[PDB]
Each structure stands twice: as structure tokens, then as C-alpha cells.
>>> print(open('input32.tsv').read())   # TSV, C-alpha atoms
chain	number	residue	atom	x	y	z
A	1359	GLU	CA	0.00	0.00	0.00
A	1360	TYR	CA	2.32	2.73	1.28
A	1361	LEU	CA	5.95	2.96	0.18
A	1362	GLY	CA	7.75	4.64	3.06
A	1363	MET	CA	8.57	8.03	1.56
A	1364	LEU	CA	7.88	11.60	2.62
A	1365	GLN	CA	6.80	14.25	0.15
A	1366	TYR	CA	8.01	17.75	0.92
A	1367	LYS	CA	7.55	20.85	-1.20
A	1368	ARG	CA	11.05	22.22	-1.88
A	1369	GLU	CA	10.05	25.60	-0.42
A	1370	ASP	CA	9.31	24.12	3.01
A	1371	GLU	CA	12.71	22.46	3.31
A	1372	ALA	CA	13.66	25.27	5.67
A	1373	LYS	CA	10.54	24.92	7.81
A	1374	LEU	CA	11.06	21.16	7.87
A	1375	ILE	CA	14.57	21.56	9.24
A	1376	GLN	CA	13.21	24.17	11.65
A	1377	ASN	CA	10.43	22.05	13.15
A	1378	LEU	CA	12.23	18.71	13.05
A	1379	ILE	CA	15.71	19.75	14.17
A	1380	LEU	CA	16.19	23.27	15.57
A	1381	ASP	CA	12.76	23.46	17.17
A	1382	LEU	CA	11.85	20.05	18.54
A	1383	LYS	CA	10.37	18.96	21.85
A	1384	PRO	CA	12.37	15.71	21.93
A	1385	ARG	CA	10.08	14.17	24.53
A	1386	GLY	CA	6.77	13.20	22.96
A	1387	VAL	CA	6.02	9.55	23.70
A	1388	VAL	CA	6.31	7.59	20.46
A	1389	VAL	CA	9.79	9.10	20.28
A	1390	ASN	CA	10.41	7.83	23.81
A	1391	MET	CA	9.56	4.37	22.53
A	1392	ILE	CA	11.44	4.93	19.28
A	1393	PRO	CA	14.09	7.69	19.34
A	1394	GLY	CA	16.08	8.22	16.17
A	1395	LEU	CA	12.69	8.37	14.50
A	1396	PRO	CA	13.45	11.89	13.22
A	1397	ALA	CA	16.39	10.32	11.38
A	1398	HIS	CA	13.93	7.92	9.74
A	1399	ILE	CA	11.66	10.80	8.82
A	1400	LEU	CA	14.62	12.58	7.26
A	1401	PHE	CA	15.64	9.54	5.23
A	1402	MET	CA	12.06	9.14	4.02
A	1403	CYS	CA	12.22	12.68	2.70
A	1404	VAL	CA	15.59	11.78	1.20
A	1405	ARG	CA	14.12	8.69	-0.45
A	1406	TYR	CA	11.43	10.94	-1.91
A	1407	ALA	CA	13.99	13.35	-3.38
A	1408	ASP	CA	15.99	10.39	-4.68
A	1409	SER	CA	12.93	8.94	-6.40
A	1410	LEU	CA	12.77	12.11	-8.51
A	1411	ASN	CA	16.38	12.33	-9.78
A	1412	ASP	CA	16.29	16.08	-9.05
A	1413	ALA	CA	19.85	16.00	-7.70
A	1414	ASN	CA	19.86	19.65	-6.60
A	1415	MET	CA	16.92	18.92	-4.30
A	1416	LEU	CA	18.81	15.99	-2.79
A	1417	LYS	CA	22.04	17.92	-2.20
A	1418	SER	CA	20.12	20.91	-0.87
A	1419	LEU	CA	18.30	18.56	1.48
A	1420	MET	CA	21.46	16.90	2.80
A	1421	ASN	CA	23.20	20.24	3.26
A	1422	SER	CA	20.22	21.84	4.96
A	1423	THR	CA	20.06	18.87	7.32
A	1424	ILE	CA	23.77	18.68	8.19
A	1425	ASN	CA	23.88	22.43	8.71
A	1426	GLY	CA	20.73	22.18	10.81
A	1427	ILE	CA	22.42	19.57	12.96
A	1428	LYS	CA	25.69	21.49	13.28
A	1429	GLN	CA	23.63	24.51	14.28
A	1430	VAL	CA	21.28	22.72	16.68
A	1431	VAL	CA	24.18	21.27	18.67
A	1432	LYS	CA	26.07	24.58	18.48
A	1433	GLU	CA	23.12	26.06	20.36
A	1434	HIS	CA	23.26	23.45	23.12
A	1435	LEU	CA	26.89	22.82	24.04
A	1436	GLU	CA	25.86	22.66	27.69
A	1437	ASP	CA	22.86	20.37	27.24
A	1438	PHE	CA	24.04	16.77	27.74
A	1439	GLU	CA	20.54	15.46	27.07
A	1440	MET	CA	20.14	17.25	23.74
A	1441	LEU	CA	23.66	16.33	22.63
A	1442	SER	CA	22.79	12.72	23.38
A	1443	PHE	CA	19.56	12.93	21.39
A	1444	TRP	CA	21.31	14.36	18.34
A	1445	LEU	CA	24.39	12.13	18.48
A	1446	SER	CA	21.86	9.32	18.57
A	1447	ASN	CA	19.70	10.62	15.75
A	1448	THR	CA	22.77	11.39	13.65
A	1449	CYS	CA	24.14	7.86	14.06
A	1450	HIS	CA	20.69	6.51	13.25
A	1451	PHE	CA	20.47	8.59	10.08
A	1452	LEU	CA	23.92	7.45	8.99
A	1453	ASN	CA	22.94	3.85	9.66
A	1454	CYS	CA	19.84	4.41	7.55
A	1455	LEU	CA	22.04	5.77	4.78
A	1456	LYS	CA	24.11	2.59	5.01
A	1457	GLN	CA	21.17	0.22	5.45
A	1458	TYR	CA	19.28	1.40	2.38
A	1459	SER	CA	22.39	2.39	0.44
A	1460	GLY	CA	21.76	-0.60	-1.79
A	1461	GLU	CA	25.26	-1.84	-1.08
A	1462	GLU	CA	25.52	-5.62	-0.77
A	1463	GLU	CA	27.48	-5.27	2.48
A	1464	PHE	CA	24.59	-3.72	4.43
A	1465	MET	CA	21.71	-5.86	3.15
A	1466	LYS	CA	22.85	-8.70	5.40
A	1467	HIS	CA	20.28	-8.30	8.17
A	1468	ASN	CA	17.46	-6.83	6.08
A	1469	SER	CA	13.83	-7.87	5.84
A	1470	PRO	CA	12.81	-8.70	2.26
A	1471	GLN	CA	10.40	-5.81	2.74
A	1472	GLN	CA	13.35	-3.70	3.91
A	1473	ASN	CA	15.40	-4.53	0.82
A	1474	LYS	CA	12.46	-3.03	-1.06
A	1475	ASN	CA	13.16	0.50	0.20
A	1476	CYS	CA	16.78	1.05	-0.83
A	1477	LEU	CA	17.81	4.23	-2.62
A	1478	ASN	CA	17.21	3.71	-6.31
A	1479	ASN	CA	19.33	6.34	-8.07
A	1480	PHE	CA	22.17	8.12	-6.28
A	1481	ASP	CA	25.37	7.07	-4.53
A	1482	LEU	CA	25.70	8.93	-1.22
A	1483	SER	CA	28.88	7.33	0.13
A	1484	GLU	CA	30.73	10.64	0.32
A	1485	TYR	CA	27.79	12.12	2.22
A	1486	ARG	CA	27.81	9.10	4.53
A	1487	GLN	CA	31.48	9.82	5.25
A	1488	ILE	CA	30.79	13.50	5.95
A	1489	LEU	CA	28.01	12.45	8.30
A	1490	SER	CA	30.35	10.05	10.07
A	1491	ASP	CA	32.70	12.99	10.53
A	1492	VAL	CA	30.17	15.40	12.05
A	1493	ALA	CA	28.99	12.48	14.20
A	1494	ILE	CA	32.55	12.17	15.50
A	1495	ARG	CA	32.50	15.88	16.29
A	1496	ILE	CA	29.24	15.58	18.24
A	1497	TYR	CA	30.47	12.53	20.14
A	1498	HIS	CA	33.63	14.40	21.11
A	1499	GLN	CA	31.42	17.26	22.26
A	1500	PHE	CA	29.13	15.17	24.45
A	1501	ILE	CA	32.01	13.23	26.00
A	1502	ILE	CA	33.48	16.54	27.15
A	1503	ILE	CA	30.35	17.45	29.09
A	1504	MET	CA	30.23	14.22	31.09
A	1505	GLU	CA	33.96	14.42	31.78
A	1506	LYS	CA	33.58	18.02	32.89
A	1507	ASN	CA	30.70	17.10	35.18
A	1508	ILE	CA	32.55	14.23	36.85
A	1509	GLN	CA	36.17	15.47	37.03
A	1510	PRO	CA	35.79	17.46	40.26
A	1511	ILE	CA	34.33	14.35	41.90
A	1512	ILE	CA	36.98	11.78	40.97
A	1513	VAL	CA	39.74	12.77	43.40
A	1514	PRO	CA	37.58	13.68	46.43
A	1515	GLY	CA	35.90	10.27	46.26
A	1516	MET	CA	38.57	7.99	44.83
A	1517	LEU	CA	41.17	8.98	47.42
A	1518	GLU	CA	40.58	12.20	49.40
A	1519	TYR	CA	37.78	10.33	51.16
A	1520	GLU	CA	39.49	7.91	53.55
A	1521	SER	CA	37.64	4.62	53.83
A	1522	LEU	CA	40.27	2.90	55.96
A	1523	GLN	CA	39.69	5.18	58.94
A	1545	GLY	CA	31.64	15.55	51.78
A	1546	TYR	CA	31.75	13.33	48.71
A	1547	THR	CA	32.59	9.64	48.39
A	1548	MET	CA	33.45	6.87	45.92
A	1549	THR	CA	29.77	5.96	45.64
A	1550	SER	CA	28.97	9.37	44.15
A	1551	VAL	CA	31.28	8.53	41.27
A	1552	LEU	CA	29.26	5.43	40.43
A	1553	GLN	CA	26.06	7.42	40.88
A	1554	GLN	CA	27.17	9.88	38.21
A	1555	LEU	CA	28.36	7.01	36.02
A	1556	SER	CA	24.84	5.66	36.41
A	1557	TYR	CA	23.33	9.02	35.47
A	1558	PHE	CA	25.42	9.07	32.31
A	1559	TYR	CA	24.70	5.43	31.41
A	1560	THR	CA	20.94	5.81	31.87
A	1561	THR	CA	20.86	9.11	29.99
A	1562	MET	CA	22.69	7.47	27.10
A	1563	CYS	CA	20.44	4.41	27.05
A	1564	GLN	CA	17.21	6.41	27.17
A	1565	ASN	CA	18.25	8.23	24.01
A	1566	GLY	CA	18.37	5.20	21.70
A	1567	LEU	CA	22.16	5.35	21.81
A	1568	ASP	CA	23.54	2.08	20.42
A	1569	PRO	CA	25.03	-0.28	23.07
A	1570	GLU	CA	28.53	-0.35	21.54
A	1571	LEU	CA	28.58	3.44	21.45
A	1572	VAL	CA	27.60	3.61	25.11
A	1573	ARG	CA	30.39	1.10	25.73
A	1574	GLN	CA	33.04	3.26	24.09
A	1575	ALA	CA	31.73	6.22	26.06
A	1576	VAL	CA	31.96	4.28	29.34
A	1577	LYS	CA	35.49	3.28	28.34
A	1578	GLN	CA	36.34	6.96	27.92
A	1579	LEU	CA	34.90	7.70	31.38
A	1580	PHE	CA	36.96	4.94	32.98
A	1581	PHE	CA	40.07	6.33	31.31
A	1582	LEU	CA	39.23	9.72	32.78
A	1583	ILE	CA	38.80	8.30	36.28
A	1584	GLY	CA	42.09	6.41	36.23
A	1585	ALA	CA	43.80	9.42	34.70
A	1586	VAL	CA	42.69	12.04	37.21
A	1587	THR	CA	43.46	9.60	40.02
A	1588	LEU	CA	46.96	8.72	38.79
A	1589	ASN	CA	47.69	12.38	38.08
A	1590	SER	CA	46.72	13.38	41.60
A	1591	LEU	CA	49.14	10.67	42.71
A	1592	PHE	CA	51.88	12.14	40.51
A	1593	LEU	CA	51.24	15.48	42.17
A	1594	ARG	CA	50.47	15.07	45.85
A	1595	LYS	CA	53.18	13.40	47.94
A	1596	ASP	CA	50.68	12.93	50.78
A	1597	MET	CA	48.85	10.33	48.68
A	1598	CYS	CA	51.60	7.82	47.94
A	1599	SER	CA	51.20	5.20	50.65
A	1600	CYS	CA	50.49	1.47	50.95
A	1601	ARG	CA	47.18	2.27	52.65
A	1602	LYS	CA	46.15	4.53	49.78
A	1603	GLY	CA	47.18	1.88	47.27
A	1604	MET	CA	45.02	-0.81	48.84
A	1605	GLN	CA	42.19	1.70	49.05
A	1606	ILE	CA	42.56	2.37	45.33
A	1607	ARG	CA	42.61	-1.32	44.37
A	1608	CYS	CA	39.42	-1.66	46.39
A	1609	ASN	CA	37.74	1.19	44.52
A	1610	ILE	CA	38.84	-0.48	41.29
A	1611	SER	CA	37.07	-3.69	42.31
A	1612	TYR	CA	34.08	-1.47	43.13
A	1613	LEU	CA	34.19	-0.18	39.55
A	1614	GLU	CA	34.47	-3.68	38.08
A	1615	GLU	CA	31.37	-4.41	40.11
A	1616	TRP	CA	29.67	-1.36	38.60
A	1617	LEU	CA	30.37	-2.90	35.21
A	1618	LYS	CA	29.10	-6.32	36.29
A	1619	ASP	CA	25.91	-4.71	37.59
A	1620	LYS	CA	25.40	-2.90	34.29
A	1621	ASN	CA	26.30	-6.16	32.52
A	1622	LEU	CA	29.30	-4.62	30.77
A	1623	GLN	CA	32.50	-6.52	29.96
A	1624	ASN	CA	35.36	-6.70	32.44
A	1625	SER	CA	37.67	-6.20	29.44
A	1626	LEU	CA	37.16	-2.44	29.31
A	1627	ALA	CA	38.06	-2.18	33.00
A	1628	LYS	CA	41.35	-3.85	32.16
A	1629	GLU	CA	42.03	-1.61	29.17
A	1630	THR	CA	41.39	1.50	31.25
A	1631	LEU	CA	42.40	0.86	34.86
A	1632	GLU	CA	45.37	-1.46	34.33
A	1633	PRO	CA	47.95	1.32	34.82
A	1634	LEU	CA	46.27	2.48	38.04
A	1635	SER	CA	46.27	-1.10	39.32
A	1636	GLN	CA	50.03	-1.36	38.89
A	1637	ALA	CA	50.30	2.05	40.53
A	1638	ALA	CA	48.30	0.90	43.55
A	1639	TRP	CA	50.07	-2.46	43.56
A	1640	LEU	CA	53.36	-0.58	43.59
A	1641	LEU	CA	52.41	1.42	46.68
A	1642	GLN	CA	51.85	-1.66	48.84
A	1643	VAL	CA	54.70	-3.93	47.77
A	1644	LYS	CA	57.78	-3.96	49.99
A	1645	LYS	CA	60.50	-1.82	48.43
A	1646	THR	CA	63.73	-3.07	49.99
A	1647	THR	CA	65.36	-6.26	48.72
A	1648	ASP	CA	67.06	-6.97	45.41
A	1649	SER	CA	64.00	-9.03	44.53
A	1650	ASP	CA	61.27	-6.53	45.25
A	1651	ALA	CA	62.88	-4.44	42.53
A	1652	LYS	CA	62.73	-7.35	40.09
A	1653	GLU	CA	59.03	-7.70	40.88
A	1654	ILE	CA	58.48	-4.00	40.25
A	1655	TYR	CA	60.10	-4.62	36.88
A	1656	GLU	CA	58.12	-7.75	35.98
A	1657	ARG	CA	54.74	-6.45	37.15
A	1658	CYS	CA	54.60	-2.73	36.38
A	1659	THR	CA	54.24	-3.43	32.66
A	1660	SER	CA	51.70	-0.73	31.81
A	1661	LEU	CA	53.65	2.15	33.31
A	1662	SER	CA	56.45	4.39	32.06
A	1663	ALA	CA	59.67	4.30	34.07
A	1664	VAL	CA	59.16	8.02	34.67
A	1665	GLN	CA	55.87	7.29	36.44
A	1666	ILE	CA	57.31	4.43	38.47
A	1667	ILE	CA	60.27	6.50	39.61
A	1668	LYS	CA	57.96	9.42	40.36
A	1669	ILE	CA	55.98	7.19	42.70
A	1670	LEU	CA	59.05	5.65	44.33
A	1671	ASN	CA	60.42	9.12	45.05
A	1672	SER	CA	57.11	10.58	46.21
A	1673	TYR	CA	56.42	7.48	48.31
A	1674	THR	CA	55.90	8.56	51.91
A	1675	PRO	CA	54.74	6.05	54.55
A	1676	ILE	CA	52.31	6.93	57.35
A	1677	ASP	CA	52.24	3.54	59.07
A	1678	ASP	CA	54.92	1.57	60.90
A	1679	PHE	CA	54.76	-1.73	59.02
A	1680	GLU	CA	55.80	-0.05	55.77
A	1681	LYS	CA	59.51	0.78	55.54
A	1682	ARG	CA	60.63	3.82	53.57
A	1683	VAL	CA	62.34	3.60	50.18
A	1684	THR	CA	66.02	4.50	50.00
A	1685	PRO	CA	67.60	6.47	47.10
A	1686	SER	CA	69.85	3.45	46.53
A	1687	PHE	CA	66.83	1.23	45.91
A	1688	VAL	CA	65.39	3.82	43.53
A	1689	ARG	CA	68.66	3.80	41.61
A	1690	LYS	CA	68.63	0.00	41.50
A	1691	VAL	CA	65.11	-0.02	40.08
A	1692	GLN	CA	65.87	2.70	37.54
A	1693	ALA	CA	68.92	0.69	36.50
A	1694	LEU	CA	66.70	-2.35	36.06
A	1695	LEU	CA	64.30	-0.28	33.94
A	1696	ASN	CA	67.03	0.34	31.37
A	1697	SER	CA	66.05	-2.84	29.53
A	1698	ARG	CA	62.66	-1.26	28.83
A	1699	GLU	CA	62.93	1.69	26.44
A	1700	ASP	CA	59.52	3.12	27.39
A	1701	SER	CA	58.10	6.63	26.97
A	1702	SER	CA	58.65	10.10	28.40
A	1703	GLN	CA	55.07	10.30	29.68
A	1704	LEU	CA	54.29	11.03	33.31
A	1705	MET	CA	50.86	12.65	33.55
A	1706	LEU	CA	47.81	11.45	31.65
A	1707	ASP	CA	46.07	14.37	29.97
A	1708	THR	CA	42.32	14.54	30.62
A	1709	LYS	CA	41.69	15.51	27.00
A	1710	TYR	CA	42.83	12.23	25.48
A	1711	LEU	CA	40.15	10.58	23.36
A	1712	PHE	CA	39.70	7.00	22.20
A	1713	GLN	CA	39.16	6.04	18.59
A	1714	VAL	CA	35.38	6.16	18.35
A	1715	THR	CA	33.84	3.70	15.93
A	1716	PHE	CA	30.31	3.85	14.56
A	1717	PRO	CA	29.39	0.22	13.87
A	1718	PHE	CA	26.57	-0.30	11.39
A	1719	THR	CA	23.48	-1.51	13.22
A	1720	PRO	CA	20.35	-2.19	11.13
A	1721	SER	CA	16.96	-0.69	11.93
A	1722	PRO	CA	14.08	-3.02	12.84
A	1723	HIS	CA	11.53	-0.43	11.77
A	1724	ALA	CA	9.80	-0.60	8.39
A	1725	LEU	CA	9.59	2.76	6.63
A	1726	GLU	CA	6.29	1.76	5.07
A	1727	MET	CA	4.55	1.89	8.43
A	1728	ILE	CA	6.20	5.01	9.83
A	1729	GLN	CA	3.84	7.86	10.70
A	1730	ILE	CA	4.41	11.37	12.02
A	1731	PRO	CA	3.13	12.40	15.45
A	1732	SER	CA	1.22	15.69	15.31
A	1733	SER	CA	3.66	16.90	17.98
A	1734	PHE	CA	6.26	17.17	15.21
A	1735	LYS	CA	4.35	19.87	13.31
A	1736	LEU	CA	4.82	18.23	9.90
A	1737	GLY	CA	1.30	18.16	8.48
A	1738	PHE	CA	2.61	19.70	5.28
A	1739	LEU	CA	4.30	16.37	4.50
A	1740	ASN	CA	2.79	13.26	2.93
A	1741	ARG	CA	3.38	9.52	3.20
A	1742	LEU	CA	3.96	7.83	-0.14
>>> encode(input="input32.tsv", output="C-alpha cells")
Amino acid sequence: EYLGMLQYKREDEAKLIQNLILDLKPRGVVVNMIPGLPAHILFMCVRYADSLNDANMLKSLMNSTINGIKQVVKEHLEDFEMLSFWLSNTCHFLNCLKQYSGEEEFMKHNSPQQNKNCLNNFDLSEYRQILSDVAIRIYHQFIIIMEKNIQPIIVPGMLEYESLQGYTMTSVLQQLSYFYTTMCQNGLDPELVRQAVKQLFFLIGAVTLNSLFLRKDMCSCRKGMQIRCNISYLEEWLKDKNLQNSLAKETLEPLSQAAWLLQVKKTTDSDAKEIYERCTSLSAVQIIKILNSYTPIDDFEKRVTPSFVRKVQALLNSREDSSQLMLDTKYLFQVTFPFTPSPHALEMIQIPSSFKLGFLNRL
């Protein structure tokens, strides 16, 4: 019956962008059930323009959209929620561009009724690439906001708060939960949320380790054990959210060796060898920084002598290493946007009146 296309009169392109992107109450209800729906709407309009061969209309559409996105995020650089909604919708739109590209690669997990709605005329691969790029920009933007909202909490909870006897380590996980939920409620693909979480973990470990590299009154066995404990707490946060333990390795592993280092006896020509064999994810600079800034507060831990430090540094000669000490909070992981198909059939998509798009038409 219907085809899954959206007719728009080329003189309302502007108003379409206005009432679907710039102006948009992102919390209707259908959209709560299916977010990324605006992306589908957009691609239905695109499919309409493609069905006509009028290339100028297509290009004008894509440009108006991408500019509308760029703009709409540029207006809300302090709105985590909105940034999430548009990173989501952007990734959805790109995945629609891939899914109905017509390319053999993406028709793997397609309904026979879905393989009926591919683009029929134009190749939009270059546009897909551009979209991937802006998507990267948005992702980088929305990561920054989370990181900025959690950075002042890391240190006061991860170590300033003394467990082994007013913020605490729990608060960290509470914010992590806020971020995770906010991501999930915005149709943000699981793998994407995973990479985000990975970034967050990196940030935690980084701020922590850095504060170690600064404050001398933090390098103790006690503090090390405390840290290892908080790390296990984090692994448990992953377990609870059913996320892999792998990411916790590939983010906290340096901090583990840092905490492990703090506890281990630092005296005998054997301890040193263990420091060598175990601290494998740390630069010699970092290790030495810790061993020099290591100050004990308890009586069972014996202080580290300059001679021992020299022995260890001599043992570290076999490992070329890096000149890195601190871990900059602005490091970013390689974000990947994996193609995930859409379960929704365009033929049955309808516009809620809350979108103000009555001047459109299902084909």
C-alpha cells in the first residue's frame, strides 16, 4: 500500500529543518519508545527526493540537514541530554544511509520488505562519510560534558575520602549511572555507550593517577590498597550494568600497577625485580615518580632508600619506554560507529502531530 517516503515541497525544506531539528520537543512519547525516528523521517524525505532524480533537491536537502544539525548542537553545548539525542539521531540517520544504500554489504540483516526501500538512483557514500565525521565531532562534544561534570568528583571520592579510617566513591558510580541511563534512554547504540563508558573509565584512572603524581601525601600502601578496592568497586559497577570486564582492564590497568606498587615492599634486590616484571603498563618516569614521592604513614611499611630507587631505575634500562608522566584529561579513544540495522519498516512510519509536519505526505 504505502511505500515509506515523505513528500516535501522544496520551499518548506527550511521549515522542515526548523520544526524537526532546531525546534523540537524531543520528549513526545512515540519518540520515547522509538528515538532516532526523526532520522527515519529525514531519510524518508531523502528517499522521496531520490525517487525524482532532481539532484539539486537531494544535495540541498542533505546540506540543509547537516547544517541544521551542526547549528542545533552549536546552540546546546551545555545540554548533555540534547547532545545525546542528536548524536543518537545522527548515528541513526547514517545507519539508515548505510542500510538502504543498496550496497551488498549492508543488506545482510534486512527484511525482504526492507530490501524493497533502498535508494534507487544516487550514490551517497561521500555524504555518509561526511556524516560520520560530524557524528565524531558531536560525540567528542558530548564526551566533554560528562567528563567536565565528573572530574571534580573523581579525586575527592577515589582517594581524598578515607575509607580505611563531603563526597565519596559511591557518588562517582552514581554519576556514572546518570550518564549510562541518559545514554540508554536516548536510543544510543550499546557499543557506542560502551566506548563512552570506556572513555569515562580512562578519565577516572587518569585524574586519580595524576593526583598521585602530584600530591606526595597520597603515595602510601594504605592509599594503594584503598585504590585497588575502589577499582574492584568499579568492576562491580560494570558487572551490575552487565558490561564486559575487558574495558576495565584496558582503562584501569595502569592504576592497578600504581596501587600495587604502593603496597609492595620496596627493599630487597627481589622486590625491585618484581616492580620490573609487574609494572608493565607504566612508564619508568611514572614508576620512579611514585618511588620518590612514596611517603609512609604507618609503621609496618619501611621507607624507600635512594639506593633502591637507583637499582630499580637501572633495572628499567632494559625497557625503552616513553617520556610520559601525567595522563592528559583531553585524550580521546578512537570512536567507531558500527553499522546496526533498523528493525523499523519505513512503510509503516507515521508522524506524530507533535512534530508539526502536516505539510508532509506519506507515499
>>> residues_around(input="input32.tsv", residues="stretch 1489-1501 of chain A", least_positions_apart="4", cutoff="8 Å", atoms="all atoms listed in the file", output="VMD selection string")
chain A and resid 1424 1428 1431 1435 1438 1441 to 1442 1445 1448 to 1449 1452 1485 1505 1575 1578 1711 1714 1716
>>> atom_distance(input="input32.tsv", atom1="atom CA of residue A:1520", atom2="atom CA of residue A:1658")
25.2 Å
>>> closest_residue(input="input32.tsv", among="A:1375, A:1627, A:1455, A:1552", to="residue A:1487", atoms="only C-alpha atoms")
A:1455
>>> residues_near_point(input="input32.tsv", point="(21.6, 8.6, 20.9)", cutoff="9 Å", atoms="all atoms listed in the file", output="number ranges by chain")
A: 1393-1394, 1441-1450, 1562-1568, 1571-1572
>>> residues_around(input="input32.tsv", residues="residue A:1613", least_positions_apart="4", cutoff="10 Å", atoms="all atoms listed in the file", output="JSON, numbers by chain")
{"A": [1548, 1549, 1551, 1552, 1555, 1580, 1607, 1608, 1609, 1617, 1618, 1619, 1624, 1627, 1631]}
>>> write_last_selection(input="input32.tsv", atoms="C-alpha atoms", output="PDB file, keeping the file's coordinate frame")
ATOM      1  CA  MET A1548      33.450   6.870  45.920  1.00  0.00           C
ATOM      2  CA  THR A1549      29.770   5.960  45.640  1.00  0.00           C
ATOM      3  CA  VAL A1551      31.280   8.530  41.270  1.00  0.00           C
ATOM      4  CA  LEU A1552      29.260   5.430  40.430  1.00  0.00           C
ATOM      5  CA  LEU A1555      28.360   7.010  36.020  1.00  0.00           C
ATOM      6  CA  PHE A1580      36.960   4.940  32.980  1.00  0.00           C
ATOM      7  CA  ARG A1607      42.610  -1.320  44.370  1.00  0.00           C
ATOM      8  CA  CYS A1608      39.420  -1.660  46.390  1.00  0.00           C
ATOM      9  CA  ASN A1609      37.740   1.190  44.520  1.00  0.00           C
ATOM     10  CA  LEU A1617      30.370  -2.900  35.210  1.00  0.00           C
ATOM     11  CA  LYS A1618      29.100  -6.320  36.290  1.00  0.00           C
ATOM     12  CA  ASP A1619      25.910  -4.710  37.590  1.00  0.00           C
ATOM     13  CA  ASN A1624      35.360  -6.700  32.440  1.00  0.00           C
ATOM     14  CA  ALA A1627      38.060  -2.180  33.000  1.00  0.00           C
ATOM     15  CA  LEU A1631      42.400   0.860  34.860  1.00  0.00           C
TER      16      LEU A1631
END
>>> residues_around(input="input32.tsv", residues="residue A:1370", least_positions_apart="5", cutoff="10 Å", atoms="only C-alpha atoms", output="list in words")
residues 1375, 1376, 1738 and 1739 of chain A
>>> closest_residue(input="input32.tsv", among="A:1462, A:1697, A:1573, A:1421", to="residue A:1558", atoms="only C-alpha atoms")
A:1573
>>> atom_distance(input="input32.tsv", atom1="atom CA of residue A:1643", atom2="atom CA of residue A:1685")
16.6 Å
>>> closest_residue(input="input32.tsv", among="A:1454, A:1410, A:1597, A:1706", to="residue A:1674", atoms="all atoms listed in the file")
A:1597
>>> build_atoms(input="input32.tsv", residues="stretch 1709-1728 of chain A", atoms="N, CA and C atoms", output="compact mmCIF listing (two decimals), keeping the file's coordinate frame")
# COMPACT_ATOMS: atom_id res chain seq x y z
N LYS A 1709 42.31 15.20 28.28
CA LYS A 1709 41.69 15.51 27.00
C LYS A 1709 42.03 14.47 25.94
N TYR A 1710 42.59 13.35 26.38
CA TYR A 1710 42.83 12.23 25.48
C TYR A 1710 41.49 11.61 25.10
N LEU A 1711 41.38 11.18 23.85
CA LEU A 1711 40.15 10.58 23.36
C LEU A 1711 40.44 9.27 22.65
N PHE A 1712 39.57 8.29 22.85
CA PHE A 1712 39.70 7.00 22.20
C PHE A 1712 39.21 7.08 20.77
N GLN A 1713 39.66 6.14 19.95
CA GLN A 1713 39.16 6.04 18.59
C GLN A 1713 37.71 5.57 18.61
N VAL A 1714 36.79 6.51 18.40
CA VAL A 1714 35.38 6.16 18.35
C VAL A 1714 35.04 5.49 17.03
N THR A 1715 34.27 4.42 17.12
CA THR A 1715 33.84 3.70 15.93
C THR A 1715 32.33 3.70 15.91
N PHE A 1716 31.76 3.91 14.72
CA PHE A 1716 30.31 3.85 14.56
C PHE A 1716 29.93 2.61 13.78
N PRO A 1717 29.71 1.50 14.50
CA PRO A 1717 29.39 0.22 13.87
C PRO A 1717 28.00 0.26 13.26
N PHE A 1718 27.87 -0.26 12.04
CA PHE A 1718 26.57 -0.30 11.39
C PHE A 1718 25.62 -1.26 12.09
N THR A 1719 24.53 -0.71 12.62
CA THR A 1719 23.48 -1.51 13.22
C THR A 1719 22.19 -1.25 12.47
N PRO A 1720 21.59 -2.30 11.91
CA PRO A 1720 20.35 -2.19 11.13
C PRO A 1720 19.19 -1.65 11.95
N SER A 1721 18.16 -1.17 11.27
CA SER A 1721 16.96 -0.69 11.93
C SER A 1721 15.85 -1.72 11.77
N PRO A 1722 15.17 -2.04 12.87
CA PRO A 1722 14.08 -3.02 12.84
C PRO A 1722 12.82 -2.44 12.23
N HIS A 1723 12.75 -1.11 12.17
CA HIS A 1723 11.53 -0.43 11.77
C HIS A 1723 11.35 -0.39 10.26
N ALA A 1724 10.13 -0.66 9.81
CA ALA A 1724 9.80 -0.60 8.39
C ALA A 1724 9.30 0.79 8.04
N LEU A 1725 9.93 1.40 7.04
CA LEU A 1725 9.59 2.76 6.63
C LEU A 1725 8.14 2.87 6.18
N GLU A 1726 7.62 1.77 5.65
CA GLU A 1726 6.29 1.76 5.07
C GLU A 1726 5.22 2.03 6.12
N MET A 1727 5.54 1.77 7.38
CA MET A 1727 4.55 1.89 8.43
C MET A 1727 4.86 3.04 9.38
N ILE A 1728 5.83 3.86 9.00
CA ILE A 1728 6.20 5.01 9.83
C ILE A 1728 5.23 6.17 9.63
